[PDB]
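In what follows, a structure is listed as structure tokens, so that the remarks can point back to it.
Naming convention: chains lettered A, B, ... in sequence-line order (proteins, then strands); numbering from 1 in each chain. All values below were derived from every heavy atom in this structure, side-chain atoms included, with hydrogens, water molecules and symmetry-related copies excluded.
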Amino acid sequence: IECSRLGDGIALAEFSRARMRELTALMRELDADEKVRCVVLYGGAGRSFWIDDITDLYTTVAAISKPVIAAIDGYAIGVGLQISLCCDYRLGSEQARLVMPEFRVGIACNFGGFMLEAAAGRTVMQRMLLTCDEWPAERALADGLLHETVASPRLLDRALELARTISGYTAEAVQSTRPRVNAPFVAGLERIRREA
Amino acid sequence: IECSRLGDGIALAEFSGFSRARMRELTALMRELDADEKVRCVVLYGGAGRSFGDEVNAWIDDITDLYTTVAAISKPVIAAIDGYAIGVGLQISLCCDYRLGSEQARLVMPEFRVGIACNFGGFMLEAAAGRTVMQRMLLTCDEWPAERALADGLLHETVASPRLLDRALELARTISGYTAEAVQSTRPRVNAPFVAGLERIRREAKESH
Amino acid sequence: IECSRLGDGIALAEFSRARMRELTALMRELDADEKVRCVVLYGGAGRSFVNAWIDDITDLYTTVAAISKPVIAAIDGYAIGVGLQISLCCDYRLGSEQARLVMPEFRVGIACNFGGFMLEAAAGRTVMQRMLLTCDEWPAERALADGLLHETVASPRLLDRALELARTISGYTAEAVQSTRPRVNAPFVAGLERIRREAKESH
């Protein structure tokens with residue numbers, strides 16, 4: 001996981017288990033750093049995006065004071081999709097596809113189910129878990145699974161342009177809103193750890 | 001009332017012939033179905049082109065026990081709607097994991113027009129379709145045709161009337177095919193906040209009606 | 001400020017800390033009035049809609065949402081920050097094609113804890129994140145598609161439509177409506193009270 005400060009308060013993190021814990025530590029390093037004001041998680045051009053390790057990562061991404069942007073160019077499946085659901089703004093290319101196929105794979109979907117209900121409501125979460133169908137970018141956008149869609153070439157610069165706009169806001173204002181607005185969400189993730 | 005095994009792990013529950021004995025029987029059936037390990041999916045069906053589905057204090061207790069059981073059982077429940085789903089009828093469907101509507105399906109919450117309270121309706125519509133749709137439904141008492149109900153999240157899917165039960169059983173077959181432990185360790189945990197919400201309404205709904 | 005009866009139990013209300021207290025008091029007066037069955041908050045044709053500031057802002061938000069009478073917000077222009085937040089406490093937001101919704105607290109340089117909660121309760125987490133982080137304007141049709149507006153009408157029939165609906169709401173048995181509204185709104189009211197404490201608790 002190669003992080004790289006591009007200035008203007010932006011931190012671009014270009015992409016398991018060790019990769020989990022590395023990302024959990026990098027998010028805390030970025031949260032403690034005064035110079036950083038916005039994080040961007042990029043899967044790469046066309047590329048894809050125990051209990052305690054996964055919960056620590058989900059709760060970290062959602063609990064840090066700084067906002068996180070997930071730039072999705074291809075597929076975002078299960079755990080990968082779940083990480084993006086901990087981010088404040090999911091920007092997808094018109095080619096992006098979202099899948100939560102846990103039931104078909106034969107595993108429980110407690111994290112996926114909770115996280116999807118938060119971003120898209122019970123109906124969409126239920127449609128996704130029970131059918132295991134793929135959500136194309138435009139359906140994902142309409143359902144609240146994506147905040148915005150762009151053409152694949154524009155994806156990374158639109159993400160950095162938004163990170164810049166966010167970085168240009170009074171740090172205190174943003175950083176005192178984000179952990180408080182995400183407290184109910186983080187609490188819900190914590191209950192899932194215990195029940196499993 | 002009448003339940004039937006379709007033998008893929010599918011139990012089709014049908015509304016025969018809303019009273020308090022009807023609620024208790026449905027509640028007991030839901031509990032019998034959660035107990036039987038040969039059952040992996042439940043399909044609630046109104047019929048062919050038919051509508052879906054001190055003295056007051058006992059009505060509320062049976063209603064609450066029905067809504068809490070339908071939402072708290074470990075088995076997924078599919079509601080198949082071929083006509084009108086009004087008040088209590090619509091409320092039962094809002095406890096199920098998947099609402100499949102025919103293009104003849106019409107959804108209404110006319111409680112206010114009828115002159116009765118809508119504590120449960122208000123809570124359940126908010127959970128399924130969001131606050132705005134809930135408020136539009138309660139205050140206008142307008143009907144929600146199938147296409148509009150789908151857009152707003154009141155239906156998970158729409159189909160043509162001749163394929164309604166076919167699609168219901170095809171989807172029930174898909175759900176039944178998943179590892180039961182995977183589905184059954186998810187359905188009751190994911191629904192716990194919704195079940196807790198329904199439990200708080202019990203005392204509130206009593207005062208209101 | 002200016003309140004008016006239109007008959008059929010309809011109360012049309014038209015409109016700093018003192019202005020917040022005046023609206024809170026009016027809402028309580030209308031709740032106690034047996035002749036009032038529906039309230040219409042109107043910004044007017046073509047117009048817009050420290051620890052003690054928190055208290056008066058919470059008292060207003062919780063009063064608009066906790067009263068037994070339904071409140072319709074008629075929006076003919078801009079609804080920014082506090083103005084947007086007031087309408088988010090109302091049960092029915094009716095906008096004209098010239099209604100524009102903005103939550104630009106971050107661009108202005110201030111926290112958006114009330115805005116964040118209220119936007120999430122009304123239109124979901126995603127819409128909330130779009131509005132807070134971009135600080136963009138939501139025109140009438142985009143707000144309708146996102147659940148920020150319940151309905152859109154052409155501005156010539158905006159007040160007409162708000163009254164048409166107020167009459168429909170008023171025509172219902174009052175006890176059915178008035179015993180439902182504070183109950184359905186209690187989780188929303190509880191959330192606002194949590195934020196009042198957490199806002200004071202942080203300063």
Side-chain angles (χ1 to χ4, degrees), chain B residues 18-24 27 53-72 86-92 94-95 108-128 131 134-135 137-141 193-209, chain C residues 9 27-39 59 61-71 89-92 121 169-194:
Chain B
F18 228 75
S19 83
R20 296 180 45 213
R22 228 179 166 191
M23 291 156 205
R24 284 184 241 106
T27 302
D54 52 0
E55 54 167 76
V56 290
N57 280 13
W59 171 38
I60 298 306
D61 281 312
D62 293 327
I63 289 288
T64 313
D65 291 10
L66 173 59
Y67 303 158
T68 53
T69 193
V70 174
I86 307 164
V88 174
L90 180 49
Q91 282 160 216
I92 295 159
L94 299 167
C95 298
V108 214
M109 267 304 182
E111 273 83 347
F112 289 169
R113 179 152 65 219
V114 162
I116 63 166
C118 199
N119 307 70
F120 278 112
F123 178 80
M124 273 171 276
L125 284 177
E126 183 149 25
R131 191 162 172 84
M134 179 269 294
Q135 284 162 337
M137 284 192 89
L138 294 214
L139 301 175
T140 68
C141 298
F194 182 81
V195 173
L198 290 164
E199 286 292 5
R200 269 187 296 266
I201 311 315
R202 192 189 296 273
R203 148 88 179 187
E204 286 165 10
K206 276 163 177 180
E207 291 178 272
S208 282
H209 292 266
Chain C
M27 291 298 109
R28 294 291 183 198
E29 176 200 315
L30 299 175
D31 195 33
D33 196 324
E34 292 93 318
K35 276 191 153 166
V36 185
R37 287 189 304 290
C38 192
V39 186
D59 289 336
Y61 296 160
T62 59
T63 298
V64 179
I67 62 155
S68 73
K69 321 290 169 77
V71 192
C89 297
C90 300
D91 310 290
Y92 202 103
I169 291 166
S170 190
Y172 300 147
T173 308
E175 295 86 347
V177 183
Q178 295 173 25
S179 69
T180 302
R181 212 239 174 192
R183 299 306 192 184
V184 164
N185 283 357
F188 183 79
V189 169
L192 295 168
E193 295 296 359
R194 177 193 74 243

Task: Least distance between heavy atoms, C/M27 atom then C/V64 atom - done: CG-CG2, 4.1 Å
Task: Any donor-acceptor N/O pair, C/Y172 side chain to C/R37 backbone, under 3.5 Å - done: no
TODO: Determine whether B/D62 and B/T27 make a side-chain contact, defined as any pair of heavy atoms from C-beta on separated by less than 4.5 Å.
DONE: no
Open item on the list: What's the separation between atom CG in B/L90 and atom CE in B/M137, rounded to the nearest 0.5 Å?
Closed with: 5.5 Å
- [ ] Taking all heavy atoms of C/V177 and all of C/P70, pick out the closest pair and write down the distance.
- [x] CG1-CG, 3.4 Å
Task: Considering all heavy atoms, the nearest B/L138-B/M109 contact - done: CD2-CB, 3.9 Å
Task: Among B/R202, B/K206, B/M23, B/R200, the one residue meeting side chain to side chain contact (heavy atoms under 4.5 Å, CB included) with B/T64 - done: B/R202
Task: Shortest non-hydrogen contact from C/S68 toward C/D31 - done: OG-OD1, 2.7 Å
Task: Distance, nearest 0.5 Å, that separates CD of B/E55 from CZ of B/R20 - done: 9.0 Å
Task: C/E175 versus C/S179, closest heavy-atom pair with distance - done: O-OG, 2.7 Å
Task: Main-chain N/O of C/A176 paired with C/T180 side-chain donor or acceptor, under 3.5 Å - done: yes
TODO: Check whether any side-chain heavy atom of B/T69 lies under 4.5 Å from a side-chain heavy atom of B/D65, and answer yes or no.
DONE: no
Open item on the list: Run C/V184 and B/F123 through side-chain contact (heavy atoms from CB on, under 4.5 Å) and show every step you take.
Closed with: CA-CA 6 Å; C/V184 164; B/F123 178 80; over 6 Å; no
Task: Which atom of B/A128 lies closest to which atom of B/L94, heavy atoms considered - done: CB-CD2, 3.8 Å
Open item on the list: Could you measure the distance from the CG atom of C/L192 to the CG atom of C/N185? Nearest 0.5 Å is fine.
Closed with: 9.5 Å
Open item on the list: Between B/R24 and B/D61 (salt bridge meaning N to carboxylate O under 4.0 Å), is one present in this structure?
Closed with: no
Task: Rounded distance (nearest 0.5 Å) linking atom CG of B/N119 with atom CD1 of B/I60 - done: 7.5 Å
Task: Spacing of C/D91 atom CG and C/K69 atom NZ [to the nearest 0.5 Å] - done: 13.0 Å
- [ ] Would you confirm whether C/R183, through its side chain, and B/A205, through its main-chain N or O, come within 3.5 Å as a donor-acceptor pair?
- [x] no
Task: Separation of C/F188 CZ from C/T62 OG1 (nearest 0.5 Å) - done: 10.0 Å
